[PDB]
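*Asks:* File query.cif follows (mmCIF, N, CA and C atoms):
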```cif
data_target
loop_
_atom_site.label_atom_id
_atom_site.label_comp_id
_atom_site.auth_asym_id
_atom_site.auth_seq_id
_atom_site.Cartn_x
_atom_site.Cartn_y
_atom_site.Cartn_z
N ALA A 13 2.27 -12.96 -3.15
CA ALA A 13 3.61 -12.53 -2.78
C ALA A 13 4.31 -11.88 -3.98
N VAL A 14 5.59 -12.21 -4.15
CA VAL A 14 6.39 -11.72 -5.27
C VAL A 14 6.08 -12.72 -6.38
N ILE A 15 5.43 -13.80 -5.98
CA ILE A 15 5.03 -14.85 -6.89
C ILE A 15 3.91 -14.32 -7.79
N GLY A 16 3.19 -13.32 -7.32
CA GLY A 16 2.12 -12.74 -8.10
C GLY A 16 2.64 -12.11 -9.39
N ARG A 17 3.79 -11.45 -9.32
CA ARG A 17 4.38 -10.81 -10.49
C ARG A 17 5.14 -11.81 -11.35
N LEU A 18 5.88 -12.70 -10.71
CA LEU A 18 6.63 -13.72 -11.42
C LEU A 18 5.66 -14.47 -12.32
N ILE A 19 4.47 -14.72 -11.78
CA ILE A 19 3.39 -15.40 -12.48
C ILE A 19 2.91 -14.54 -13.66
N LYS A 20 2.34 -13.38 -13.36
CA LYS A 20 1.84 -12.50 -14.40
C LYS A 20 2.92 -12.01 -15.34
N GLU A 21 4.15 -12.46 -15.10
CA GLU A 21 5.29 -12.11 -15.93
C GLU A 21 5.46 -13.26 -16.92
N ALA A 22 5.15 -14.46 -16.45
CA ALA A 22 5.26 -15.66 -17.27
C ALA A 22 4.05 -15.82 -18.15
N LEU A 23 2.98 -15.10 -17.83
CA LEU A 23 1.74 -15.20 -18.59
C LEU A 23 1.55 -14.05 -19.58
N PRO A 24 0.84 -14.30 -20.70
CA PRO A 24 0.55 -13.32 -21.76
C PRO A 24 -0.30 -12.14 -21.32
N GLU A 25 -0.34 -11.12 -22.17
CA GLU A 25 -1.07 -9.90 -21.89
C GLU A 25 -2.51 -10.12 -21.48
N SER A 26 -2.87 -9.45 -20.38
CA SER A 26 -4.22 -9.48 -19.81
C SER A 26 -4.68 -10.80 -19.18
N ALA A 27 -3.75 -11.74 -18.99
CA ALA A 27 -4.09 -13.01 -18.37
C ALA A 27 -4.33 -12.76 -16.89
N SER A 28 -5.11 -13.63 -16.26
CA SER A 28 -5.37 -13.51 -14.83
C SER A 28 -5.22 -14.89 -14.19
N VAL A 29 -4.87 -14.90 -12.91
CA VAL A 29 -4.69 -16.15 -12.17
C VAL A 29 -5.53 -16.08 -10.91
N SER A 30 -6.42 -17.05 -10.72
CA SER A 30 -7.27 -17.07 -9.53
C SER A 30 -6.40 -17.21 -8.29
N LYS A 31 -6.95 -16.88 -7.12
CA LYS A 31 -6.19 -16.97 -5.88
C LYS A 31 -5.77 -18.38 -5.52
N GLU A 32 -6.50 -19.36 -6.03
CA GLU A 32 -6.20 -20.77 -5.80
C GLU A 32 -5.05 -21.20 -6.70
N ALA A 33 -5.05 -20.70 -7.93
CA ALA A 33 -4.01 -21.03 -8.89
C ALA A 33 -2.68 -20.51 -8.34
N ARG A 34 -2.67 -19.25 -7.90
CA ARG A 34 -1.46 -18.66 -7.34
C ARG A 34 -1.01 -19.41 -6.10
N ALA A 35 -1.94 -19.69 -5.20
CA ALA A 35 -1.60 -20.42 -3.99
C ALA A 35 -0.93 -21.74 -4.38
N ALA A 36 -1.56 -22.44 -5.31
CA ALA A 36 -1.05 -23.71 -5.79
C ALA A 36 0.36 -23.55 -6.34
N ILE A 37 0.56 -22.52 -7.15
CA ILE A 37 1.86 -22.27 -7.76
C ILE A 37 2.91 -22.02 -6.68
N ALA A 38 2.49 -21.36 -5.61
CA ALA A 38 3.36 -21.05 -4.48
C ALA A 38 3.82 -22.34 -3.77
N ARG A 39 2.87 -23.22 -3.47
CA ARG A 39 3.21 -24.49 -2.82
C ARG A 39 4.12 -25.27 -3.74
N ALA A 40 3.77 -25.29 -5.03
CA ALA A 40 4.53 -25.98 -6.05
C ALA A 40 5.99 -25.54 -6.09
N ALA A 41 6.20 -24.23 -6.04
CA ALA A 41 7.54 -23.66 -6.06
C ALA A 41 8.30 -24.04 -4.79
N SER A 42 7.58 -24.16 -3.67
CA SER A 42 8.20 -24.53 -2.40
C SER A 42 8.68 -25.98 -2.37
N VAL A 43 7.86 -26.88 -2.92
CA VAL A 43 8.21 -28.29 -2.99
C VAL A 43 9.37 -28.42 -3.97
N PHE A 44 9.39 -27.56 -4.99
CA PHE A 44 10.45 -27.57 -5.99
C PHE A 44 11.82 -27.31 -5.34
N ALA A 45 11.91 -26.24 -4.58
CA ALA A 45 13.16 -25.90 -3.92
C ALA A 45 13.63 -27.05 -3.03
N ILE A 46 12.74 -27.57 -2.19
CA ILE A 46 13.07 -28.68 -1.29
C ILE A 46 13.54 -29.90 -2.08
N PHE A 47 12.83 -30.17 -3.17
CA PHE A 47 13.13 -31.30 -4.03
C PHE A 47 14.47 -31.13 -4.72
N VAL A 48 14.72 -29.95 -5.28
CA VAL A 48 15.99 -29.70 -5.96
C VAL A 48 17.15 -29.70 -4.96
N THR A 49 16.91 -29.24 -3.74
CA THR A 49 17.93 -29.23 -2.69
C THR A 49 18.29 -30.66 -2.37
N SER A 50 17.23 -31.43 -2.11
CA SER A 50 17.32 -32.84 -1.77
C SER A 50 18.10 -33.60 -2.83
N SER A 51 17.71 -33.42 -4.08
CA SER A 51 18.37 -34.11 -5.20
C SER A 51 19.81 -33.64 -5.41
N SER A 52 20.06 -32.36 -5.18
CA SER A 52 21.40 -31.81 -5.34
C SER A 52 22.32 -32.42 -4.29
N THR A 53 21.74 -32.75 -3.14
CA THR A 53 22.48 -33.37 -2.06
C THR A 53 22.91 -34.75 -2.53
N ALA A 54 21.97 -35.51 -3.05
CA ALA A 54 22.26 -36.85 -3.54
C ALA A 54 23.32 -36.83 -4.64
N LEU A 55 23.17 -35.92 -5.60
CA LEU A 55 24.11 -35.83 -6.70
C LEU A 55 25.46 -35.38 -6.19
N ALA A 56 25.45 -34.45 -5.25
CA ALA A 56 26.69 -33.95 -4.67
C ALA A 56 27.31 -35.09 -3.88
N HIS A 57 26.46 -36.00 -3.41
CA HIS A 57 26.92 -37.14 -2.63
C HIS A 57 27.51 -38.23 -3.51
N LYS A 58 26.96 -38.40 -4.70
CA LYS A 58 27.45 -39.41 -5.61
C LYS A 58 28.65 -38.83 -6.37
N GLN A 59 28.75 -37.50 -6.39
CA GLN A 59 29.84 -36.80 -7.06
C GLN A 59 31.01 -36.53 -6.11
N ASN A 60 30.98 -37.17 -4.94
CA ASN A 60 32.03 -37.03 -3.93
C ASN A 60 32.04 -35.77 -3.07
N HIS A 61 31.70 -34.64 -3.68
CA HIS A 61 31.68 -33.35 -2.98
C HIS A 61 31.04 -33.40 -1.58
N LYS A 62 31.67 -32.74 -0.61
CA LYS A 62 31.12 -32.70 0.74
C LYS A 62 30.06 -31.61 0.72
N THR A 63 30.26 -30.66 -0.18
CA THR A 63 29.38 -29.51 -0.31
C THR A 63 28.68 -29.39 -1.66
N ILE A 64 27.41 -29.00 -1.61
CA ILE A 64 26.62 -28.78 -2.82
C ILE A 64 27.27 -27.60 -3.53
N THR A 65 27.44 -27.73 -4.84
CA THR A 65 28.07 -26.67 -5.61
C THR A 65 27.10 -26.09 -6.63
N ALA A 66 27.52 -25.02 -7.30
CA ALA A 66 26.67 -24.39 -8.30
C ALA A 66 26.45 -25.35 -9.47
N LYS A 67 27.40 -26.26 -9.67
CA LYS A 67 27.31 -27.22 -10.76
C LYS A 67 26.58 -28.50 -10.35
N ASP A 68 26.39 -28.69 -9.05
CA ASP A 68 25.68 -29.86 -8.55
C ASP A 68 24.19 -29.59 -8.71
N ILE A 69 23.81 -28.32 -8.56
CA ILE A 69 22.42 -27.89 -8.69
C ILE A 69 22.04 -27.77 -10.16
N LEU A 70 22.97 -27.27 -10.97
CA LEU A 70 22.71 -27.12 -12.40
C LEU A 70 22.63 -28.48 -13.07
N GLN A 71 23.33 -29.45 -12.51
CA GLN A 71 23.33 -30.80 -13.06
C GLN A 71 22.04 -31.50 -12.63
N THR A 72 21.65 -31.29 -11.38
CA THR A 72 20.42 -31.87 -10.88
C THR A 72 19.26 -31.31 -11.70
N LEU A 73 19.30 -30.01 -11.97
CA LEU A 73 18.24 -29.36 -12.75
C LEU A 73 18.03 -30.07 -14.06
N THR A 74 19.12 -30.26 -14.78
CA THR A 74 19.08 -30.92 -16.07
C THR A 74 18.76 -32.41 -15.94
N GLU A 75 19.21 -33.02 -14.85
CA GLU A 75 18.96 -34.43 -14.61
C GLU A 75 17.50 -34.62 -14.18
N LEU A 76 16.89 -33.53 -13.73
CA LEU A 76 15.49 -33.53 -13.30
C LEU A 76 14.57 -33.05 -14.42
N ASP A 77 15.14 -32.92 -15.61
CA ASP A 77 14.42 -32.51 -16.81
C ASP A 77 14.10 -31.02 -16.96
N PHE A 78 14.89 -30.16 -16.33
CA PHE A 78 14.68 -28.72 -16.43
C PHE A 78 15.94 -28.10 -17.01
N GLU A 79 16.41 -28.69 -18.11
CA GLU A 79 17.62 -28.23 -18.78
C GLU A 79 17.48 -26.81 -19.32
N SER A 80 16.24 -26.39 -19.56
CA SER A 80 15.95 -25.05 -20.07
C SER A 80 16.53 -24.03 -19.10
N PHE A 81 16.32 -24.30 -17.81
CA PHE A 81 16.79 -23.45 -16.73
C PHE A 81 18.27 -23.14 -16.83
N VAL A 82 19.09 -24.19 -16.90
CA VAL A 82 20.55 -24.06 -16.93
C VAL A 82 21.22 -22.84 -17.60
N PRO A 83 21.00 -22.63 -18.91
CA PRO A 83 21.60 -21.48 -19.62
C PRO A 83 21.53 -20.10 -18.95
N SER A 84 20.41 -19.78 -18.31
CA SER A 84 20.23 -18.49 -17.65
C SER A 84 20.97 -18.50 -16.32
N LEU A 85 20.76 -19.57 -15.56
CA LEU A 85 21.39 -19.70 -14.26
C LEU A 85 22.91 -19.63 -14.38
N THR A 86 23.42 -20.12 -15.51
CA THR A 86 24.84 -20.08 -15.80
C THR A 86 25.24 -18.65 -16.18
N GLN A 87 24.37 -17.99 -16.93
CA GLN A 87 24.57 -16.61 -17.35
C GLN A 87 24.53 -15.76 -16.08
N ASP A 88 23.69 -16.16 -15.13
CA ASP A 88 23.55 -15.45 -13.87
C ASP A 88 24.74 -15.70 -12.95
N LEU A 89 25.15 -16.96 -12.84
CA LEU A 89 26.30 -17.29 -12.00
C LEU A 89 27.51 -16.50 -12.46
N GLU A 90 27.72 -16.51 -13.77
CA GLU A 90 28.85 -15.82 -14.38
C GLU A 90 28.88 -14.33 -14.04
N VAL A 91 27.71 -13.70 -14.05
CA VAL A 91 27.56 -12.28 -13.74
C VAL A 91 27.60 -12.06 -12.23
N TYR A 92 27.12 -13.06 -11.50
CA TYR A 92 27.07 -13.02 -10.04
C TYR A 92 28.47 -13.11 -9.43
N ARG A 93 29.31 -13.94 -10.04
CA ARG A 93 30.67 -14.12 -9.55
C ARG A 93 31.54 -12.87 -9.72
N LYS A 94 31.33 -12.14 -10.80
CA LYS A 94 32.11 -10.93 -11.05
C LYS A 94 31.83 -9.82 -10.03
N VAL A 95 30.57 -9.66 -9.63
CA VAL A 95 30.18 -8.62 -8.68
C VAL A 95 30.57 -8.95 -7.24
N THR B 35 27.28 -33.95 5.81
CA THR B 35 26.77 -32.84 4.96
C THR B 35 27.54 -31.54 5.24
N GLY B 36 28.01 -30.91 4.17
CA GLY B 36 28.75 -29.67 4.31
C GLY B 36 27.80 -28.49 4.50
N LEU B 37 28.35 -27.28 4.51
CA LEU B 37 27.52 -26.09 4.68
C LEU B 37 26.85 -25.70 3.36
N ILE B 38 26.13 -24.59 3.39
CA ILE B 38 25.44 -24.07 2.22
C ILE B 38 25.98 -22.69 1.87
N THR B 39 26.63 -22.61 0.72
CA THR B 39 27.25 -21.38 0.25
C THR B 39 26.26 -20.32 -0.25
N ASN B 40 26.75 -19.09 -0.37
CA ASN B 40 25.94 -17.98 -0.86
C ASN B 40 25.61 -18.24 -2.33
N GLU B 41 26.63 -18.68 -3.07
CA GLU B 41 26.47 -18.99 -4.48
C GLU B 41 25.33 -19.98 -4.66
N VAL B 42 25.08 -20.80 -3.64
CA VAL B 42 23.99 -21.78 -3.67
C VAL B 42 22.66 -21.15 -3.22
N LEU B 43 22.70 -20.31 -2.19
CA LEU B 43 21.48 -19.64 -1.72
C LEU B 43 20.97 -18.88 -2.94
N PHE B 44 21.92 -18.30 -3.67
CA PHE B 44 21.65 -17.52 -4.87
C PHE B 44 21.06 -18.37 -5.99
N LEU B 45 21.79 -19.40 -6.38
CA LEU B 45 21.35 -20.28 -7.45
C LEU B 45 19.99 -20.89 -7.13
N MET B 46 19.77 -21.25 -5.87
CA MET B 46 18.49 -21.84 -5.48
C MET B 46 17.34 -20.84 -5.64
N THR B 47 17.58 -19.60 -5.24
CA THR B 47 16.56 -18.58 -5.36
C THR B 47 16.29 -18.35 -6.84
N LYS B 48 17.36 -18.18 -7.60
CA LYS B 48 17.27 -17.92 -9.03
C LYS B 48 16.49 -18.96 -9.84
N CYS B 49 16.67 -20.24 -9.55
CA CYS B 49 15.96 -21.25 -10.33
C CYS B 49 14.55 -21.52 -9.84
N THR B 50 14.25 -21.18 -8.59
CA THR B 50 12.89 -21.40 -8.09
C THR B 50 11.96 -20.41 -8.78
N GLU B 51 12.43 -19.18 -8.97
CA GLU B 51 11.63 -18.16 -9.62
C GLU B 51 11.49 -18.47 -11.11
N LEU B 52 12.46 -19.20 -11.67
CA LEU B 52 12.38 -19.60 -13.07
C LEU B 52 11.32 -20.68 -13.16
N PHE B 53 11.19 -21.46 -12.09
CA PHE B 53 10.19 -22.54 -12.02
C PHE B 53 8.78 -21.99 -11.79
N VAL B 54 8.67 -20.88 -11.06
CA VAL B 54 7.36 -20.28 -10.85
C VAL B 54 6.88 -19.83 -12.23
N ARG B 55 7.78 -19.24 -13.01
CA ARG B 55 7.44 -18.76 -14.35
C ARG B 55 7.12 -19.93 -15.26
N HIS B 56 7.85 -21.02 -15.06
CA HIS B 56 7.70 -22.23 -15.86
C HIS B 56 6.38 -22.96 -15.62
N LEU B 57 6.01 -23.14 -14.36
CA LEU B 57 4.78 -23.82 -14.01
C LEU B 57 3.59 -23.00 -14.46
N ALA B 58 3.63 -21.70 -14.17
CA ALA B 58 2.55 -20.81 -14.57
C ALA B 58 2.42 -20.90 -16.09
N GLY B 59 3.46 -20.46 -16.79
CA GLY B 59 3.45 -20.50 -18.24
C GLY B 59 2.98 -21.82 -18.82
N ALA B 60 3.63 -22.91 -18.43
CA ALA B 60 3.30 -24.25 -18.90
C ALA B 60 1.83 -24.60 -18.71
N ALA B 61 1.29 -24.20 -17.56
CA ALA B 61 -0.11 -24.46 -17.22
C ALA B 61 -1.06 -23.69 -18.13
N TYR B 62 -0.71 -22.44 -18.40
CA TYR B 62 -1.53 -21.58 -19.25
C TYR B 62 -1.42 -22.07 -20.69
N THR B 63 -0.19 -22.18 -21.17
CA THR B 63 0.06 -22.63 -22.53
C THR B 63 -0.60 -23.95 -22.88
N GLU B 64 -0.71 -24.84 -21.91
CA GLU B 64 -1.31 -26.15 -22.15
C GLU B 64 -2.83 -26.06 -22.17
N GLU B 65 -3.35 -24.95 -21.66
CA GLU B 65 -4.79 -24.74 -21.61
C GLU B 65 -5.22 -23.83 -22.76
N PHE B 66 -4.70 -22.61 -22.78
CA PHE B 66 -5.09 -21.65 -23.80
C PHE B 66 -4.03 -21.36 -24.86
N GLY B 67 -3.11 -22.30 -25.06
CA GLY B 67 -2.08 -22.10 -26.05
C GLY B 67 -1.45 -20.73 -25.96
N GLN B 68 -1.67 -19.91 -26.99
CA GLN B 68 -1.11 -18.56 -27.03
C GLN B 68 -2.16 -17.48 -26.83
N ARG B 69 -3.43 -17.86 -26.93
CA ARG B 69 -4.55 -16.94 -26.74
C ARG B 69 -4.30 -16.12 -25.47
N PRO B 70 -4.34 -14.78 -25.59
CA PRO B 70 -4.11 -13.86 -24.46
C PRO B 70 -5.34 -13.58 -23.62
N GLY B 71 -5.13 -12.89 -22.51
CA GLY B 71 -6.22 -12.52 -21.62
C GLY B 71 -7.09 -13.58 -20.97
N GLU B 72 -6.62 -14.83 -20.92
CA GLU B 72 -7.40 -15.90 -20.30
C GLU B 72 -7.20 -15.98 -18.79
N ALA B 73 -8.15 -16.61 -18.11
CA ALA B 73 -8.12 -16.77 -16.66
C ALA B 73 -7.61 -18.15 -16.24
N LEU B 74 -6.44 -18.15 -15.60
CA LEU B 74 -5.80 -19.37 -15.12
C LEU B 74 -6.46 -19.83 -13.81
N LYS B 75 -6.82 -21.11 -13.74
CA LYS B 75 -7.46 -21.66 -12.55
C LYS B 75 -6.68 -22.86 -12.03
N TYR B 76 -7.03 -23.30 -10.84
CA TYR B 76 -6.38 -24.44 -10.21
C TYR B 76 -6.35 -25.72 -11.07
N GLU B 77 -7.39 -25.93 -11.88
CA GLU B 77 -7.53 -27.11 -12.74
C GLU B 77 -6.39 -27.19 -13.73
N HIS B 78 -6.01 -26.02 -14.24
CA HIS B 78 -4.97 -25.90 -15.23
C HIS B 78 -3.60 -26.29 -14.67
N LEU B 79 -3.38 -25.98 -13.40
CA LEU B 79 -2.13 -26.32 -12.76
C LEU B 79 -2.09 -27.82 -12.45
N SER B 80 -3.21 -28.38 -12.00
CA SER B 80 -3.24 -29.80 -11.70
C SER B 80 -3.30 -30.61 -13.00
N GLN B 81 -3.60 -29.93 -14.11
CA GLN B 81 -3.69 -30.57 -15.42
C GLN B 81 -2.28 -30.80 -16.00
N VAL B 82 -1.40 -29.79 -15.93
CA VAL B 82 -0.03 -29.94 -16.43
C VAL B 82 0.80 -30.77 -15.48
N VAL B 83 0.47 -30.73 -14.19
CA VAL B 83 1.19 -31.51 -13.19
C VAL B 83 0.86 -32.98 -13.37
N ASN B 84 -0.29 -33.24 -13.99
CA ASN B 84 -0.72 -34.61 -14.23
C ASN B 84 -0.27 -35.04 -15.62
N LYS B 85 0.20 -34.08 -16.41
CA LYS B 85 0.67 -34.31 -17.77
C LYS B 85 2.19 -34.40 -17.84
N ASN B 86 2.86 -33.26 -17.75
CA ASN B 86 4.32 -33.19 -17.80
C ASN B 86 4.97 -34.13 -16.79
N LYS B 87 5.82 -35.03 -17.28
CA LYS B 87 6.49 -36.00 -16.41
C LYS B 87 7.50 -35.37 -15.45
N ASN B 88 8.13 -34.28 -15.87
CA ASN B 88 9.10 -33.60 -15.02
C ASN B 88 8.42 -32.88 -13.85
N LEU B 89 7.09 -33.01 -13.78
CA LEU B 89 6.27 -32.38 -12.73
C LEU B 89 5.57 -33.41 -11.84
N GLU B 90 5.96 -34.68 -11.95
CA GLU B 90 5.32 -35.73 -11.17
C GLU B 90 5.57 -35.67 -9.67
N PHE B 91 6.57 -34.89 -9.26
CA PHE B 91 6.86 -34.76 -7.83
C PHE B 91 5.78 -33.89 -7.17
N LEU B 92 5.01 -33.18 -8.00
CA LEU B 92 3.94 -32.29 -7.56
C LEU B 92 2.55 -32.91 -7.66
N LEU B 93 2.47 -34.21 -7.90
CA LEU B 93 1.17 -34.87 -8.01
C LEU B 93 0.37 -34.84 -6.72
N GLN B 94 1.09 -34.87 -5.60
CA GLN B 94 0.44 -34.87 -4.30
C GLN B 94 0.27 -33.47 -3.77
N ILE B 95 1.02 -32.51 -4.32
CA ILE B 95 0.96 -31.11 -3.89
C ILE B 95 -0.14 -30.36 -4.64
N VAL B 96 -0.26 -30.66 -5.94
CA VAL B 96 -1.25 -30.04 -6.80
C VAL B 96 -2.12 -31.17 -7.37
N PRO B 97 -2.90 -31.83 -6.50
CA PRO B 97 -3.77 -32.92 -6.95
C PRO B 97 -4.93 -32.35 -7.77
N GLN B 98 -5.75 -33.23 -8.32
CA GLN B 98 -6.90 -32.81 -9.12
C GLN B 98 -8.22 -32.92 -8.36
N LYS B 99 -8.78 -31.77 -8.01
CA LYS B 99 -10.05 -31.68 -7.26
C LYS B 99 -11.27 -32.09 -8.09
#
```
Before we go any further, please render this structure as C-alpha cells.

*Replies:*
Amino acid sequence: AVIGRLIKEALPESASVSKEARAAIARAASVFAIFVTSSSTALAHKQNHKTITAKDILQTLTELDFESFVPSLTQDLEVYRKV
Amino acid sequence: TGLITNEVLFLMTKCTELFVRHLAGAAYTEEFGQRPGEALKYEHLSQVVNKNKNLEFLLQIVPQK
C-alpha cells in the first residue's frame, strides 16, 4: 500500500522488505491505531472529557512509551490548526 | 462516548504512519544496525516485537514463526 513507501522511507539506502515483512508491518500498524484509540478512550475517560482530544492521544502516546512521536504530531497539529 | 473529531481523525492518521516508520526502522536497526542495503524479513519484525517492551501489544499479531 502506501505502507510500502512509509517503510522504504524509514529504512536506509537500498534496503528491501520482503512481502511478509511489509504485510506484518501493515497488521502491526492496524493494531496500533485500534490500541491507541482504545487507550485514548480510557485516558479521555479518566481525564473526564466526553470526547477524545488531540491532547488525550498525545498523552496516551507518551504514556504508551512513544514520546518520540509527540513533538512532530504537535508540530503538525499546530500547522494543521492554522490551515 | 462522544464523537470523533477531524483533528483526531488527523492525529490518528499522522501517528500511525509515524509508527509504520518506527516499527520498520526499529526492526532494521536492531538487525543490521546502520549497514545499508539489507533485506528486512518477518523474523526481524517479530524480533523487535519480542524485544522492545513498548511493542508487547503486538506479540500476538507479529508472533515468532

*Asks:* On this file, the PyMOL selection byres ((chain B and name CA) within 6 of (chain A and name CA)) gives some set of residues; write that set as a list in words.

*Replies:* residues 36, 42, 54, 55, 58, 59, 70, 71, 72, 73, 74, 75, 76 and 88 of chain B

*Asks:* So the first atom is atom CA of residue B:63 and the second is atom CA of residue B:92; what is the distance between them in Å, to one decimal place?

*Replies:* 18.2 Å

*Asks:* Could you name the residues that touch residue B:61 at 6.5 Å or less, counting only N, CA and C atoms, but leaving out those on the same chain fewer than 4 positions away, as a list in words?

*Replies:*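 What passes the distance filter is residues 56, 57, 65, 66, 78, 79 and 82 of chain B.
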
*Asks:* Go ahead and compute the interatomic distance for atom CA of residue B:99 and atom CA of residue B:80, in Å to one decimal.

*Replies:* 8.3 Å

*Asks:* Provide the atom N of residue A:13 to atom C of residue B:60 distance in Å, to one decimal place.

*Replies:*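 Atom C of residue B:60 lies at a distance of 19.4 Å from atom N of residue A:13.
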
*Asks:* Out of stretch 24-78 of chain A, which residues get helix (DSSP H, G or I) from DSSP, as JSON, numbers by chain?

*Replies:* {"A": [31, 32, 33, 34, 35, 36, 37, 38, 39, 40, 41, 42, 43, 44, 45, 46, 47, 48, 49, 50, 51, 52, 53, 54, 55, 56, 57, 58, 66, 67, 68, 69, 70, 71, 72, 73, 74, 75]}

*Asks:* Output N, CA and C atoms for every residue in the selection just made, as a compact mmCIF listing (two decimals), in the frame of the given file.

*Replies:*
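Generated output (result-v2.txt):
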```
# COMPACT_ATOMS: atom_id res chain seq x y z
N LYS A 31 -6.95 -16.88 -7.12
CA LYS A 31 -6.19 -16.97 -5.88
C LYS A 31 -5.77 -18.38 -5.52
N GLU A 32 -6.50 -19.36 -6.03
CA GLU A 32 -6.20 -20.77 -5.80
C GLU A 32 -5.05 -21.20 -6.70
N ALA A 33 -5.05 -20.70 -7.93
CA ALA A 33 -4.01 -21.03 -8.89
C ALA A 33 -2.68 -20.51 -8.34
N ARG A 34 -2.67 -19.25 -7.90
CA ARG A 34 -1.46 -18.66 -7.34
C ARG A 34 -1.01 -19.41 -6.10
N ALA A 35 -1.94 -19.69 -5.20
CA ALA A 35 -1.60 -20.42 -3.99
C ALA A 35 -0.93 -21.74 -4.38
N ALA A 36 -1.56 -22.44 -5.31
CA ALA A 36 -1.05 -23.71 -5.79
C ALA A 36 0.36 -23.55 -6.34
N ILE A 37 0.56 -22.52 -7.15
CA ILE A 37 1.86 -22.27 -7.76
C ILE A 37 2.91 -22.02 -6.68
N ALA A 38 2.49 -21.36 -5.61
CA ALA A 38 3.36 -21.05 -4.48
C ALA A 38 3.82 -22.34 -3.77
N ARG A 39 2.87 -23.22 -3.47
CA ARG A 39 3.21 -24.49 -2.82
C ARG A 39 4.12 -25.27 -3.74
N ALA A 40 3.77 -25.29 -5.03
CA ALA A 40 4.53 -25.98 -6.05
C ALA A 40 5.99 -25.54 -6.09
N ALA A 41 6.20 -24.23 -6.04
CA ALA A 41 7.54 -23.66 -6.06
C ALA A 41 8.30 -24.04 -4.79
N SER A 42 7.58 -24.16 -3.67
CA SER A 42 8.20 -24.53 -2.40
C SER A 42 8.68 -25.98 -2.37
N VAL A 43 7.86 -26.88 -2.92
CA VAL A 43 8.21 -28.29 -2.99
C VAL A 43 9.37 -28.42 -3.97
N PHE A 44 9.39 -27.56 -4.99
CA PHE A 44 10.45 -27.57 -5.99
C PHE A 44 11.82 -27.31 -5.34
N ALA A 45 11.91 -26.24 -4.58
CA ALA A 45 13.16 -25.90 -3.92
C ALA A 45 13.63 -27.05 -3.03
N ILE A 46 12.74 -27.57 -2.19
CA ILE A 46 13.07 -28.68 -1.29
C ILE A 46 13.54 -29.90 -2.08
N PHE A 47 12.83 -30.17 -3.17
CA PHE A 47 13.13 -31.30 -4.03
C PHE A 47 14.47 -31.13 -4.72
N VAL A 48 14.72 -29.95 -5.28
CA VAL A 48 15.99 -29.70 -5.96
C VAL A 48 17.15 -29.70 -4.96
N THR A 49 16.91 -29.24 -3.74
CA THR A 49 17.93 -29.23 -2.69
C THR A 49 18.29 -30.66 -2.37
N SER A 50 17.23 -31.43 -2.11
CA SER A 50 17.32 -32.84 -1.77
C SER A 50 18.10 -33.60 -2.83
N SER A 51 17.71 -33.42 -4.08
CA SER A 51 18.37 -34.11 -5.20
C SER A 51 19.81 -33.64 -5.41
N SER A 52 20.06 -32.36 -5.18
CA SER A 52 21.40 -31.81 -5.34
C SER A 52 22.32 -32.42 -4.29
N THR A 53 21.74 -32.75 -3.14
CA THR A 53 22.48 -33.37 -2.06
C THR A 53 22.91 -34.75 -2.53
N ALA A 54 21.97 -35.51 -3.05
CA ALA A 54 22.26 -36.85 -3.54
C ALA A 54 23.32 -36.83 -4.64
N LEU A 55 23.17 -35.92 -5.60
CA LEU A 55 24.11 -35.83 -6.70
C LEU A 55 25.46 -35.38 -6.19
N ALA A 56 25.45 -34.45 -5.25
CA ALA A 56 26.69 -33.95 -4.67
C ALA A 56 27.31 -35.09 -3.88
N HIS A 57 26.46 -36.00 -3.41
CA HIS A 57 26.92 -37.14 -2.63
C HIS A 57 27.51 -38.23 -3.51
N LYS A 58 26.96 -38.40 -4.70
CA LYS A 58 27.45 -39.41 -5.61
C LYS A 58 28.65 -38.83 -6.37
N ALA A 66 27.52 -25.02 -7.30
CA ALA A 66 26.67 -24.39 -8.30
C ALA A 66 26.45 -25.35 -9.47
N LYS A 67 27.40 -26.26 -9.67
CA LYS A 67 27.31 -27.22 -10.76
C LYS A 67 26.58 -28.50 -10.35
N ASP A 68 26.39 -28.69 -9.05
CA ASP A 68 25.68 -29.86 -8.55
C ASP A 68 24.19 -29.59 -8.71
N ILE A 69 23.81 -28.32 -8.56
CA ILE A 69 22.42 -27.89 -8.69
C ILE A 69 22.04 -27.77 -10.16
N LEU A 70 22.97 -27.27 -10.97
CA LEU A 70 22.71 -27.12 -12.40
C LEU A 70 22.63 -28.48 -13.07
N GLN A 71 23.33 -29.45 -12.51
CA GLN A 71 23.33 -30.80 -13.06
C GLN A 71 22.04 -31.50 -12.63
N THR A 72 21.65 -31.29 -11.38
CA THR A 72 20.42 -31.87 -10.88
C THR A 72 19.26 -31.31 -11.70
N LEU A 73 19.30 -30.01 -11.97
CA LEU A 73 18.24 -29.36 -12.75
C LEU A 73 18.03 -30.07 -14.06
N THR A 74 19.12 -30.26 -14.78
CA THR A 74 19.08 -30.92 -16.07
C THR A 74 18.76 -32.41 -15.94
N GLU A 75 19.21 -33.02 -14.85
CA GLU A 75 18.96 -34.43 -14.61
C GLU A 75 17.50 -34.62 -14.18
```
